[PDB]
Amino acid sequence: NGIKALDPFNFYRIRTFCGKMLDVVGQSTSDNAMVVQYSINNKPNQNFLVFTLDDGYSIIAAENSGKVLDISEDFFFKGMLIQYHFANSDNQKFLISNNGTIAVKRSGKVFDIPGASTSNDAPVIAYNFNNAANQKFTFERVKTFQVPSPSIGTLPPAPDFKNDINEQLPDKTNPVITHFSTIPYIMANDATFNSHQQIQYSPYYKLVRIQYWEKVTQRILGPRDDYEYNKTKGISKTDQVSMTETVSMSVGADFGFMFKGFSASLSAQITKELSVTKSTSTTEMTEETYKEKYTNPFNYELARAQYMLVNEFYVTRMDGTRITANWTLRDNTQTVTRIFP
């Protein structure tokens, strides 16, 4: 037996050995954080989302709030299952297996119904694995939702001269959405939605990548004339801060992404989905504008235009509402030079 695979866009019902379902409210526990197995209610308190991370451990989020399942390390109530806001803690990371066991990352203990209770307010306490039926759970599909996909297009080539030395080439190519990454609400910080609102309306947020060619300079100069032009590379501090505040990410000096806090758990997925490299750099990149000088090497009058690859990254809600401005990263490494024949 191995890791259980669950579709991400389904709300799930967690069925216990006796046919009752985990409920984050309960009857006698209505006024506290306890999670108990209760009779089927067909209510959001019994609906969950399972977010599987790179390490194979998953985050289980209740629909009733934005909060997730948590195993208390409290001295007085050690081992209890409660509902607590996401804090990227090992007691909140669970391993769902085909055998039916939900295993805590922090401790090898698994979900267990104390005394194999069949009662409606029976709590869940972490217990050493013993292969008893009361330790086994089944996930049922409750309802399904869809995440719209943005239209995707490939990057066009940098514009080129067409037999006219005095033609002005476009300042930039039409921006195209080349990639996007689908991440859970727990990762994205939305100023205008609280955690509960998020899971209700935007369970997954989308991080979208647009690529286009930006014209650094175009000038016509004499056979043996030189000129100096400004060129800009990198990403602004404001974009760096905003990226970190929203998704706990920044861009490293090596043009790789730096994953901080919660984001690190999905580093592999995000890099793969955006076609970007994980940073190996200690320091974060800054926007730099510097002067570069070009001299005409040919004796005939010559026209030169240079394009730089530019990336814009932004986060949207599931529906597509954009919650942040585009974060601009200029890659000086990827550049195309155009001249008149």
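From 1 onward, residues are counted along the sequence shown.
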Higher-scoring stretch by recorded Cα B factor average, 169 to 177 or 115 to 123: 169 to 177
Mean Cα B-factor check, 58 to 66 vs 303 to 311, entry values; winner is 303 to 311
By the entry's C-alpha temperature factors, tell me which of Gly108, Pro203, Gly79, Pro156 sits highest. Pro156
Return the residue from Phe51, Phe298, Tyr38, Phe48 that has the highest Cα B-factor in the entry. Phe298
Select lowest, middle or highest to describe the third in which the CA B-factor of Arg317 falls within its chain in this entry. middle
Going by the recorded CA B-factors, say which third of the chain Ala33 sits in, lowest, middle or highest. lowest
Ranked C-alpha temperature factor of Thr244 among modelled chain residues, by third: middle
Tertile call for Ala103 (CA temperature factor, within chain, third-based) is the lowest
Among modelled residues of the same chain, the CA temperature factor third for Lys162: highest
